[PDB]
Amino acid sequence: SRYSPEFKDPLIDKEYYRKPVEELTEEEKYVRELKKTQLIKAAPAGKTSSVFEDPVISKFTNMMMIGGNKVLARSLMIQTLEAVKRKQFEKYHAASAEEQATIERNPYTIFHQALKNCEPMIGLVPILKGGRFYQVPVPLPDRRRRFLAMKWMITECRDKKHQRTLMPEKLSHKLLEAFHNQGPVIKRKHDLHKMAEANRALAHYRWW
Amino acid sequence: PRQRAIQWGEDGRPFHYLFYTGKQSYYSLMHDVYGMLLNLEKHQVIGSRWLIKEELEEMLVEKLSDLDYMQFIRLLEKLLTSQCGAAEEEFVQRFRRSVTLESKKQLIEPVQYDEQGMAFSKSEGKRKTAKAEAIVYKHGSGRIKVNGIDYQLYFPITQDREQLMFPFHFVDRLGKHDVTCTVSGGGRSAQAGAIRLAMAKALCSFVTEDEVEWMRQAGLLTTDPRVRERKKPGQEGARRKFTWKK
Amino acid sequence: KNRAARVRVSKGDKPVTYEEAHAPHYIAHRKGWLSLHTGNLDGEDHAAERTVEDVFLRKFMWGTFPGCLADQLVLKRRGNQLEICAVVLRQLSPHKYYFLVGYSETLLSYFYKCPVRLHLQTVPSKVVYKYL
Amino acid sequence: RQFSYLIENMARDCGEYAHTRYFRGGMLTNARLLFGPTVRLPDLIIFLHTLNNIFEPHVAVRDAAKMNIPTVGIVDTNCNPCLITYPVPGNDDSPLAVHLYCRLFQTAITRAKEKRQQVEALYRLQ
Amino acid sequence: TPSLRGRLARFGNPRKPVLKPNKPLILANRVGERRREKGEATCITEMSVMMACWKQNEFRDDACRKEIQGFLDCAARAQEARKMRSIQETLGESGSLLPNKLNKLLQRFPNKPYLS
RNA sequence: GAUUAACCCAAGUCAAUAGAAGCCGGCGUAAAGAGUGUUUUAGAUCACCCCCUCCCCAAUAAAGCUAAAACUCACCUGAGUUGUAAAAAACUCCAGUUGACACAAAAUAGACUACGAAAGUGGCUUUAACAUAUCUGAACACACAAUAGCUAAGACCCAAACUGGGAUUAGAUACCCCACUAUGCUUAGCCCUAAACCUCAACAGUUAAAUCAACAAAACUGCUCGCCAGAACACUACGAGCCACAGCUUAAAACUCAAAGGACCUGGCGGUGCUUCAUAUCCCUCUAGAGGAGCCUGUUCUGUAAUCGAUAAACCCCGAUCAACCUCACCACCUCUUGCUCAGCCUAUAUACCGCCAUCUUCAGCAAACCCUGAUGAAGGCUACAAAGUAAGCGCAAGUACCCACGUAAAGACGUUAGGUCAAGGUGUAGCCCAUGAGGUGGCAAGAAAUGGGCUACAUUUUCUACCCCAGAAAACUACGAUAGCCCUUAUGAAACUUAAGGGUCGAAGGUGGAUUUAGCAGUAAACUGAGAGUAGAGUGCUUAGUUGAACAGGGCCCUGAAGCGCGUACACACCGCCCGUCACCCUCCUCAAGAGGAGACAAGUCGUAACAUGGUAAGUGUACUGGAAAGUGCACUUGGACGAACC
Ligand SMILES: [K+]
Ligand SMILES: [Mg+2]
Ligand SMILES: [Mg+2]
Ligand SMILES: [Mg+2]
Ligand SMILES: [Mg+2]
Ligand SMILES: [Mg+2]
Ligand SMILES: [Mg+2]
Ligand SMILES: [Mg+2]
Ligand SMILES: [Mg+2]
Ligand SMILES: [Mg+2]
Ligand SMILES: [Mg+2]
Ligand SMILES: [Mg+2]
Ligand SMILES: [Mg+2]
Ligand SMILES: [Mg+2]
Ligand SMILES: [Mg+2]
Ligand SMILES: [Mg+2]
Ligand SMILES: [Mg+2]
Ligand SMILES: [Mg+2]
Ligand SMILES: [Mg+2]
Ligand SMILES: [Mg+2]
Ligand SMILES: [Mg+2]
Ligand SMILES: [Mg+2]
Ligand SMILES: [Mg+2]
Ligand SMILES: [Mg+2]
Ligand SMILES: [Mg+2]
Ligand SMILES: [Mg+2]
Ligand SMILES: [Mg+2]
Ligand SMILES: [Mg+2]
Ligand SMILES: [Mg+2]
Ligand SMILES: [Mg+2]
Ligand SMILES: [Mg+2]
Ligand SMILES: [Mg+2]
């Protein structure tokens, strides 16, 4: 890295700097005073202080990117969100008054809830023992869990099974399905959970 | 190089009583410091640093080891910790060196005035191969002209427009300053980054010092040193090696 | 291991001059160029002819002054003037040195069709930078 | 290390030399290299503690025996006086005893130098 | 401390040897390293509760939320406890002293199985 | 070997043979304390005065008894139990509880060190009982002697050679699992062997020194007995003795060799221990690929009259930043002979080299000169509350280049691989001189097959068009997909079916690729664009500039390595090491009913890998059974293995 180790990652949060001094604790005050003497990396172009910034959606867009084509990936993401919102509006209008309250129309909430539902709880690690390889169930960190959800969503949307269907439409359909706890990705999570439950007897093989 | 004088006379008798230790200067220094500590026992930071081992060797005209330097520095710190007098402080200050604490505070551009009397600040920025020179006026409607073109026409990508929005929005000054920036070189994103850096640097002249510090901490005023890495011979790219066959 | 123009280490008895003691990667960093002409500059020609002239001059001076040269020659080209600055040893009689100076200067002038001067700096012995 | 400072001070006061730090290998048997070809080695070495800090004989005892330097030495009941030229059996741990030894040796050296100066002055006078 | 008189096979010892050590019974000037304890699989009980609830609820997370949260909390506690255990091993509070400091102490006072 | 010279002796020289010259030395590991105890004849002075553990703990034989755990039986519950790295086989008259329950074996005590001559002896009780008022002493006897084994009769819970089955394996006559027998136990006889070793004889005495090869368990003295005298043949043959009959004890010789051996030093290595790490990295991970398709290009193989070299990491768009003629060194034919050169050779040798480099190195050590330790051996040389190291110099580092102090370059020693290049050039040695030299003309440089690296794709995050990011169409046999095939034109050139570019025509394999595998930690990977070197022209290649621009970066010592401390070592060109046994020929010797066996040498090929590292099942002794073979297993014993050496 061209940044010396002295450099620190910048913190982009307006509320963090607009916080009143009186509310600040001694630890926070000391941290703020110390940060005046450190070196700070340049703010990355990906993230800004815009109120419409979503780190989850930015990460999903980066994972969808192919060959550094972030314009196309961002276009696909915004088209997917627009398609989700349009489908939700269509369902809202076509539904009765009772069902209108339950129908969700925020694409961001739908996306976050779909990823949260797609998140696996217990993973499998291949462990060598006695010359064999065993799929030992293991706990998963939240980071790996979110990454697995995102990667499963993207891989399922990129599957060749869907013919001539554009990525925004496929991704919107999968997001709506996952938001309702249905679809191939939720089935993949269930299959992982079932395999872990079956291999539960191998859990003692783990040494960590 | 500084050379130590002959350490014994015609008769052969060495001048210093610690000659046969082989490190008479260092051990004499340690002896004096220990004696000062004993005297102090009998009686009962930011702008300075301890000298490095090389400085101590230059002072003593004797080769030293890292552990010897550690022992000396520990003894000096123990000397400082006590209720030292004026002479005991002068002895310490003999070895203490001065460190220039360069302020990380961003330099504020002077506020210049045009023919019409409007106030403005000019700055420059670089991102990869892109160089941008920006002028930010104290009063404005938020209009930004890039090479005489509106920034929404010049930047048809939402990411670049968000990059432009970042400095003003971070200090809650959207639509309050008019900007005229000329950028040359690099791609669209490098140009947007350079314009962002120049705009933030210029806008520092019209915000409070705390706001300038916040912008610096947010990364709006650091010149991004990340530039393209040269391709090396014998490998496909900057880091990509040729496929290796075993 | 790189071998180019490197005097390898030994038991510490081999004397090396400043020119020899520095590896090629020290050129323009710790040592200069033994020939100075405008041939290799951008937008210039006749570089190959200048290189061939330099090679021939070095070989000719090495052969004409056997065992006298104490270091590499320094060739300078100003206009059509060709200056050869050479560090020689104080062993030959000055009569022979002057004879060789006149001889080489006239021969090179009539060979390369340019005024050639030969400046000799004499040293009692080879200048030693270090012992490798 | 309890008496390094006292012994160094005594050596400085009496005009003689002291070694109370880690005895580097060869300070006596390799002095011509460490110091120089014209270094003058001590003509008498006085050990106020013949044992090193790991309860073995000080290497300087053996090295001074090699270099034919007579060694005066205070030897406790756990020391080895075989190679010490003039061993003095005595306690080497109590501060009182060590101070007594330092006083006696310093006074003897000072009296010797005073007598040498007096004899030289008297012989020049006559 | 067990007696060593008449144990080893030595001249003048009439009886057959009691001890046959493969190394001399002489104290070394160093102690063994701080041996790690082989890690065991953790949070197995909470994992079992979660998996049994999955089997009873057809792997529906909505019904099993409580047990799933318990298992996740146990996993996070186990990871943080492993990190804290590494920190404690660096600290060395649990033992009477770290092996490094003990080795330093033994270096200061070495064993002397020889004469001098 | 000849030749020149030299050396020794000399009327001799010296090839063969024989003789002369050998016991006061040792026995823990080199061969050697005989498995143990006790005599007479004898020997010794350690006998007498004169004496400090007498006695008790697990000596021995006999008789009796039994606490825990088994087996079996009985009731009641369940359909499983056993088995391990994982399984299978096996048993379900099985498993669990409870109760009854032995000719088997004797937790804890034992952190004790006792008894016995040794072998051995560690549950309890009782009886008998543990020689010698100097010492050594029997291999010419007498009496004992672990385990194994034989004989005869019994017991039989459990274990277990053999055997059978299951598994593993290339095979598995083993390791792993299951069942069972001889056997382990009792009684009466035999057998008489052990790494029967504490490899250290009994008795008396010393710690004085001249302590002392090394390691081990310090060095010795007096006396006596036993044993030993290069290795292998050889715990063998013959003879003799024995209750032993495939046996045990004593025990040679011939052929052969210049060694064998014991203990160490250093290094390497270990399917070696502990600890800490790996930061594109060893594993799980993240991204893009390779391996599947077509094409370009290199290589192997085949082919031709037709180069050469690299060819594991460290070869394979490599010498070439480049072969149509030239280049060219290849082949065929023709020609010249002091030849462009005070000749020439791209002839052999890179295992003679210089020159330039690869590689560990994505290391950090190399080393002059001294000094000290090892008893002055090979060797080694550090502890900071410091204990023998000091060290010039090279390297790292620092400085320097690009955009910083970061990063990338560059650098990167001594050495390793007799690593690459004799074809850059030079050059040692050897080789040709009417040719292995020089010139001219023409020509090969292909693909049965296999493979490496790239390029293009297999499309919808796509294809075409405009634009360079607010669009319109296409979207499966006229879709995506050739830079390929065929035809034509142009460029260069003297020469283009051949090289390049363009146009036309065609629209192929292919539908995200098995085992396996490469690279990347940030402006990096990925994708896109441009320029340069060299050419007359020529690469999908190389060098280089820029643009858009990510994901993971957290856990682990399980896998592979590194470092620190050790351990082992029969290896030392150093584990790609060494090494064992069976199955052919020849040679020598020995024992032989001349057929054959044995030993050694010769040393092959074959089948395994038994030993040396925890040698991948620790090794070995005795013994029994079994096996193609080293060998496997049972039982007891040994360390000539280790168990990491405070607690954790
Ligand atoms: K390929
Ligand atoms: Mg290199
Ligand atoms: Mg004392
Ligand atoms: Mg022996
Ligand atoms: Mg015996
Ligand atoms: Mg007797
Ligand atoms: Mg027996
Ligand atoms: Mg039986
Ligand atoms: Mg059984
Ligand atoms: Mg079995
Ligand atoms: Mg019994
Ligand atoms: Mg035994
Ligand atoms: Mg036998
Ligand atoms: Mg026999
Ligand atoms: Mg017989
Ligand atoms: Mg392929
Ligand atoms: Mg070839
Ligand atoms: Mg070849
Ligand atoms: Mg040709
Ligand atoms: Mg030729
Ligand atoms: Mg070579
Ligand atoms: Mg480099
Ligand atoms: Mg460097
Ligand atoms: Mg070779
Ligand atoms: Mg070769
Ligand atoms: Mg020819
Ligand atoms: Mg075409
Ligand atoms: Mg033409
Ligand atoms: Mg083996
Ligand atoms: Mg084995
Ligand atoms: Mg065995
Ligand atoms: Mg068997």
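Cut-offs used in this document
- Residues numbered from 1 in each chain as written, not as in the entry; some residues may be left out.
- Chains lettered and ligands numbered in written order.
- Part of a larger assembly, values for the part shown.
- Heavy atoms only, no water.
- Residues with missing side-chain atoms left out of burial classes, pairs and counts.
- Disulfide = S-S within 2.5 Å.
- UniProt positions renumbered as here; feature names shortened; annotations may be inferred.
- Helix = DSSP H or I, 4+ residues; strand = E, 2+ residues; numbered from the N terminus.
- Core = buried A, V, L, I, M, F, W, Y, C linked by side-chain atoms within 4.5 Å.
- Buried < 20%, exposed > 50% of the residue type's maximum accessible area, 1.4 Å probe, protein only.
- Contact = heavy atoms within 4.5 Å.
- Pairing = 2+ DSSP bridges.
- Axes fitted to C-alpha atoms, helices over the stretch in contact; angles between N-to-C directions.
- Buried area = accessible area lost by both parts, 1.4 Å probe.
- Salt bridge = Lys/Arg side-chain N within 4 Å of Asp/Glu carboxyl O.
- Polar contact = N/O pair within 3.5 Å; in protein donor to acceptor, adjacent residues only side chain to side chain.
- Nonpolar A, V, L, I, M, F, W, Y, C, P; charged D, E, K, R; others polar.
- Parallel < 35°, antiparallel > 145°, perpendicular 65-115°, else oblique.
- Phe/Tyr/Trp six-rings, centres within 6.5 Å; stacked < 30°, edge-to-face > 60°.
- Expected span 1.5 Å × (residues − 1).

A. Expanded view of the UniProt feature "disulfide bond" in chain E. Residue and element names in this part refer to chain E. Look at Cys 43 and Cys 74: UniProt pairs them in a disulfide, but at 5.2 Å between sulfurs the bond is not present in this structure. Assignment of secondary structure puts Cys 43 in the segment before α1 (44–56). Turning to its location among the elements, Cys 74 is positioned in helix α2 (residues 61–91). Judged by the 2.5 Å criterion, the UniProt-annotated disulfide of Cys 53 with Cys 64 is missing, its S-S distance being 5.0 Å. Along the chain, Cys 53 falls in helix α1.

B. Examining the nonpolar core more closely. In this structure, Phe 170, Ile 195, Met 199, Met 215 and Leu 220 of chain B are the most contacted members of the largest nonpolar core, which totals 36 residues. Going through the elements one at a time, α1 (14–18) of chain A together with β5 (130–137), β6 (144–146), α6 (158–170), β8 (179–184), α7 (188–203) and α8 (209–217) of chain B are the ones with two or more residues in this core. Top contributing element to this core by residue count: α7 of chain B, with nine residues. When neighbours within four sequence positions are excluded, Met 215 of chain B is seen to be in contact with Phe 170, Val 171, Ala 200, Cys 204, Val 207, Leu 220 and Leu 221 of chain B. Of all hydrophobic cores here, the second largest spans 29 residues; its members include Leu 76, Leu 81, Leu 115 and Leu 148 of chain A.

C. Representation of the sheet that holds strand β1 (residues 45–47) of chain D in the model. All names here are of chain D. One open sheet accounts for three strands, arranged β1-β2-β3; its pairing is parallel. The sheet terminates laterally at β1 and β3 (86–89), the two strands that pair on one side only. For this sheet the average axis-to-axis angle between neighbouring strands, irrespective of direction, equals 10 degrees. Bridging between β1 and strand β2 (residues 71–75) involves three bridges; their strand directions are parallel. Counterpart to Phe 47 in the pairing with β2 is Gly 73.

D. Highlighting the interface of chain A and chain B. Facing the 30 residues of chain A at the interface are 25 residues of chain B. Between chain A and chain B the total buried area reaches about 2500 Å² when both faces are included, carbon and sulfur atoms providing 54% of it. At the boundary of chain A with chain B, the tally comes to two salt bridges. Across the salt bridge formed by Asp 172 of chain B and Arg 18 of chain A, the nearest N and O atoms sit 2.8 Å from each other. For the pair chain A and chain B, the interface holds 11 residue pairs in polar contact. Within the residue set of the side of chain A that touches chain B, elements represented by two or more residues are α1, α2 (26–35), β2 (39–40) and α4 (70–94) of chain A. Per-class residue counts for the side of chain A that touches chain B are 14 nonpolar, six polar and 10 charged.

E. The arrangement of the packing of helix α3 (residues 55–64) of chain A against helix α6 (residues 107–118) of chain A in detail. Residue and element names in this part refer to chain A. Running from N to C, α3 and α6 point in directions that differ by 70 degrees, and their axes come no closer than 11 Å. The angle between the axes of α3 and α6 places the two elements in the roughly perpendicular class. Residues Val 56, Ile 57 and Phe 60 of α3 form the contact with α6, whose own contacting residues are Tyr 108, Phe 111, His 112 and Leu 115. Grouping the amino acids of the contact of α3 with α6 by side-chain chemistry returns six nonpolar, one polar and no charged.

F. Quick peek at the packing of aromatic side chains. Counting across every chain of the model gives 27 aromatic pairs over all chains. For the pair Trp 207 of chain A and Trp 208 of chain A, a centre-to-centre distance of 4.9 Å together with 65 degrees between the ring planes defines the contact as edge-to-face. Ring geometry for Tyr 18 of chain C against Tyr 129 of chain C: centres 4.7 Å apart, planes inclined by 65 degrees, an arrangement best described as edge-to-face. Residue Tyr 18 of chain C is found in helix α1 (residues 18–21), and its partner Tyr 129 of chain C is found in the loop between β5 (116–123) and β6 (130–131); the two are separated by 111 residues along the sequence.

G. Representation of helix α8 (residues 167–179) of chain A in the model. Residue and element names in this part refer to chain A. Given a rise of 1.5 Å per residue, 13 residues ought to cover 18 Å, and the 18 Å separating the end C-alpha atoms of α8 matches this to within 8%. Of all the residues in α8, the buried ones are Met 167, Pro 168, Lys 170, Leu 171, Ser 172, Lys 174, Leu 175, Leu 176, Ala 178 and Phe 179. Buried-residue contacts for α8 involve α3, α4, α6, α7 (142–157) and α9 (184–198). One or two residues past the end of α8 sits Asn 181, with phi positive at roughly 65 degrees.

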